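[1] Give the three-dimensional model of this entry:
(chains A and B, ligands or ions: 5)
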2 protein chains.
Amino acid sequence: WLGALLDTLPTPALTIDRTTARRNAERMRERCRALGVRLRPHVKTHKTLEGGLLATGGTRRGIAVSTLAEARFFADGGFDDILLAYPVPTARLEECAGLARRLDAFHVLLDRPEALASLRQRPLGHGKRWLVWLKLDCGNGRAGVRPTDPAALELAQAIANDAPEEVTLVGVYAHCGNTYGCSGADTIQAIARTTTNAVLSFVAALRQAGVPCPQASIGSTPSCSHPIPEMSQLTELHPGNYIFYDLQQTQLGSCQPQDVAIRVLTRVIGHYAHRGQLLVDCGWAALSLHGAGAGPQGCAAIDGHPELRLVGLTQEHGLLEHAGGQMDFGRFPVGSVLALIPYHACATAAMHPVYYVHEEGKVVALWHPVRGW
Amino acid sequence: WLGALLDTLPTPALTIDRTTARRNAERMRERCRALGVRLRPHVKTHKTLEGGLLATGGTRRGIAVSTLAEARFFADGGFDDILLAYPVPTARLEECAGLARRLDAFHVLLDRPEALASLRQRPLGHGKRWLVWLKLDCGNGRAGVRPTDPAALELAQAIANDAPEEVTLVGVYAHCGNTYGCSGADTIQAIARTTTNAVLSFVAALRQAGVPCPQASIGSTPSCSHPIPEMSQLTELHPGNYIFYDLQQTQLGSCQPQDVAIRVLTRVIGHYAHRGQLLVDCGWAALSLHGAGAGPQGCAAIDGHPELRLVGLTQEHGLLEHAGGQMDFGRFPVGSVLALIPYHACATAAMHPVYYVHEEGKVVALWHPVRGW
Ligand SMILES: Cc1ncc(COP(=O)(O)O)c(CNC[C@@H](N)C(=O)O)c1O
Ligand SMILES: Cc1ncc(COP(=O)(O)O)c(CNC[C@@H](N)C(=O)O)c1O
Ligand SMILES: [Cl-]
Ligand SMILES: [Zn+2]
Ligand SMILES: [Zn+2]
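    Numbering: from 1, shown residues only, chains lettered A, B, ... in the order given. Ligands and ions are numbered 1, 2, ... in the order given. Have a look at this structure:
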């Protein structure tokens, strides 16, 4: 479809503005340069080699992934310095070890002594150590050890020193995912600040105890979009969603509408005057239901038409009302193309086997994401 | 993974009990035989050749699909008598016509004179007619013409008689999707009855007007699971979800827990005592958020453990509480496998590139679904 005009694509179609995405990627890289920290982009928003190449500024080095299928896909694509940003899967250690042996640098995360115990009973060998990060829970309420829990310091000690030829402690890793529960720069920054200070305190505690911890990593798209100076005391930031942004991030204050690279293109396929509704060929199969539970009106906005809203999604159909009761079927003929702005980029992207990547109205590339586990 | 024990699979893993699914398929076929009607299973719940083969009782004939990608996939798989159960996509008529020419019987649906007009300006040729069904709106509130709207009868007349060598009216098609908004057999049957009687009335109206309409088709999984005798006056039923069922259908009363063929297997990957939570390796990427907006507690139940409930899903993590405040970490060690029963089979299945199909504890096949548009 290279060269094709967007309104020519078969819908529903996930489109990515390459100019916007390139810009988002370069901006995050510059924020990190200004802070003096490295950027380790998380790839789970797009799951593509091409997106990885952009986020990484062409180097193919320094990413985080959320599954072993991503790890393998990006490894096969020539990436390295790959962090599996997930409690290391002790049931699949053979797969992890295969990656650790193929890659110059494959990093894993853990937060349980039994997980460290599992790594010990499956040595890598071959002059390779498990490159282990300690996952810190700093308010996220998910995985990781609490920085004020004595268990944390001891686990860090165990990872760093207890078998230095089989296992090394690369650093601590926190994810301030809680920034999603609060709107406005001020609250986002407070969470960033709490998380940053918790990490810094923990690292200071480690250095006082003699536990070598060379790296410290936090990041979420909301906090990395408006960074605080305290972040220059860390070594690495690992946001991911920012490469695309979405309506959720626009509502949070992370970005402006112009920063959202992603749309789902859909065609009007029906008028129903007796109901006041347009029928479009985008249902939850192209969109997901993210944004609904917090109904369908929250799943997407119609780009350039605030008057319209979603009022129904089935697997392959969506219903649009003017919810001014004042619909104008003449302005939206059957066959015309609307651009939906989805609530959650990661969720929408996971529904598409292909992304139509465009510049100035025309398709310039096709990106095909990996999926699965 | 053939022969493998289920607890051996890499999680999260979508599993289908082949004995349950075979049973569901044969039961629906028998209901239809008892009624004297044909079964045209909709394949969108599973989107696999293998599921199509079961639903179809081995014949590979008589299905409904929801997209041109399904149409093509099932055509390439040797199926025929395929109905595209969707307003015919007038922007992609070349694709439709390619299928109409390759297949003995490719059926399309419409509900707009302009859509019929579009079919006329793109004749099939080669001794082939567009095989057109009229979509009826009988309370569903989606697509189709209302049976009491004079426009319906005229469109049916136009399809049947206005260009009999280019276009034929195969029948009327209704989908009682509204059965999803009401629990209990009685209300489900009322909707089935309203829909059936509306269709029958419309067909009687057609015969009085001299419009040949040989087929009449309704169906949804809730109404076809407890059919009414009035349905024997139709010619065809087209449910789809019943091949798997799910928690939603169990709550509606369509099926019993034993009829649900589908699970998502997930591993406990973490204990968090200070929160009372288990961490499992199934997030929304393996589950979808269906069942949430009507929070996460509604997305799935843990098979054999009513005590547990979901309280959080991120892309790749889920959180389980005992919500008796009384968790018992000893009964759920890290590494153990739980079976989630998802809310909406179709939504969950759309998240998986492979289904692990098993009999008596062991994997017997891998089904790979098509996706996209
Ligand atoms: C047009 C059409 N025909 C048949 C079916 C099968 O219904 P069941 O899922 O078996 O009850 C459907 C499916 N219905 C609803 C979907 N559009 C959805 O939103 O999930 C159908 O649409
Ligand atoms: C462990 C881990 N590290 C980094 C990120 C990137 O965060 P952003 O999406 O860019 O804000 C994540 C992602 N977070 C939340 C997901 N688990 C989800 O539920 O969507 C992460 O998990
Ligand atoms: Cl969803
Ligand atoms: Zn996300
Ligand atoms: Zn469904």
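
[2] for the closest residue in space to residue A:146 that isn't next to it in sequence, what are its contacts?
    Spatial nearest neighbour of residue A:146, excluding adjacent residues (CB to CB, 6 or more residues apart in numbering or on different chains): residue A:137 at 5.2 Å. Yep, even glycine has a C-beta here, placed from its N, CA and C like the rest. Contacts for residue A:137 were tallied using CB atoms under 8 Å, 6 or more residues apart in numbering or on different chains; they are A:111, A:143-147, A:174.

[3] Can the longest helix along chain A be said to contact ligand 2?
    With DSSP state H setting the assignment, residue counts place helix A:185-209 as the longest helix in chain A. No: on the criterion CB under 6 Å from any ligand atom, helix A:185-209 is out of touch with ligand 2, staying 10.7 Å away.

[4] Which SSE is immediately downstream of that helix?
    strand A:215-218 (DSSP states H and E).

[5] So what touches that following strand?
    For strand A:215-218, contacts defined as CB under 8 Å, 6+ apart pick out A:40, A:133, A:138, A:170-176, A:192, A:195-196, A:199-200, A:203, A:231, A:233-238.

[6] name the helices or strands packed onto the next helix or strand after that strand?
    Using DSSP H and E, the helix or strand that follows strand A:215-218 towards the C-terminus is helix A:221-225. Helices and strands touching helix A:221-225, by 3 or more CB pairs under 8 Å, 6 or more residues apart in numbering or on different chains; DSSP states H and E, are helix A:185-209, helix A:247-252.

[7] Spit out the contact partners of residue A:179.
    Neighbours of residue A:179 in contact, by CB under 8 Å, 6+ apart: A:188, A:191-192, A:220, A:222-223, A:252.

[8] so can I have TSV of those residues showing distance to residue A:312 and neighbour count?
    Below are the contacts of residue A:179 laid out as TSV (distance: CB to CB, whole Å; neighbours: other CB atoms under 10 Å in any protein chain shown):
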residue	distance to residue A:312	neighbour count
A:188	33	25
A:191	35	22
A:192	38	25
A:220	32	27
A:222	30	30
A:223	35	26
A:252	26	22
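
[9] Find the nearest non-adjacent residue to residue A:55, please.
    Of all residues not flanking residue A:55 in the chain, residue A:41 sits nearest, at 3.6 Å (CB to CB, 6+ apart).

[10] Let me see the ranges of the helices in chain A.
    Going by DSSP H, chain A shows helices at A:18-35, A:49-55, A:68-76, A:93-102, A:113-120, A:150-161, A:185-209, A:221-225, A:247-252, A:284-287, A:345-349.

[11] residues in contact with residue A:107?
    A:81-84, A:131-133, A:170.

[12] For residue B:126, state which of those is nearest.
    Taking CB to CB as the measure, residue B:126 lies nearest residue A:82 of these, at 54.2 Å.

[13] So the closest one sits against residue A:76, correct?
    No: in this structure, residue A:82 is not within contact of residue A:76 by CB atoms under 8 Å, at 11.3 Å.

[14] Now do the contacts for the residue nearest to residue A:55.
    Residue A:41 makes contact with A:25, A:28, A:52, A:55-56, A:62-64, A:238-240, A:243 under the criterion CB under 8 Å, 6+ apart.

[15] So which of the residues you listed reach ligand 2?
    A:64, A:238-240.

[16] for the residues you listed, which one is nearest ligand 1?
    Taking CB to the nearest ligand atom as the measure, ligand 1 lies nearest residue A:240 of those, at 29.9 Å.

[17] For the closest one, give its distance to residue A:220.
    Residue A:240 is 9 Å from residue A:220, where distance means CB to CB, to the nearest Å.

[18] Residue A:283 is in contact with residue A:310, isn't it?
    No: the pair residue A:283 / residue A:310 is not scored as a contact, 10.3 Å apart, by CB under 8 Å.

[19] so which two of the contacts of residue A:179 are the farthest from each other?
    A:192 and A:252 (12.7 Å).

[20] Name the nearest residue to residue A:352, ignoring sequence neighbours.
    Closest to residue A:352 by CB to CB, 6+ apart is residue A:14, at 4.0 Å.

[21] contacting residues around that neighbour?
    By CB under 8 Å, 6+ apart, the contact set of residue A:14 is A:262-265, A:286, A:348-349, A:351-352, A:354-356.

[22] To what extent is residue A:328 buried, counted in neighbours?
    Residues near residue A:328, counting by other CB atoms under 10 Å in any protein chain shown, number 9.

[23] and the gap between it and residue B:274?
    Counting by CB to CB, the gap from residue A:328 to residue B:274 is 56 Å.

[24] now do residue A:232
    According to CB to CB, residue A:232 and residue B:274 sit 31 Å apart.

[25] now swap in residue A:331 and tell me
    Relative to residue B:274, residue A:331 is positioned 56 Å away (CB to CB).

[26] Walk me through the domains of chain A.
    Using curated CATH domains, the domains assigned to chain A come out as A:1-17+A:244-373, A:18-243.

[27] Thanks a lot, see you next time.
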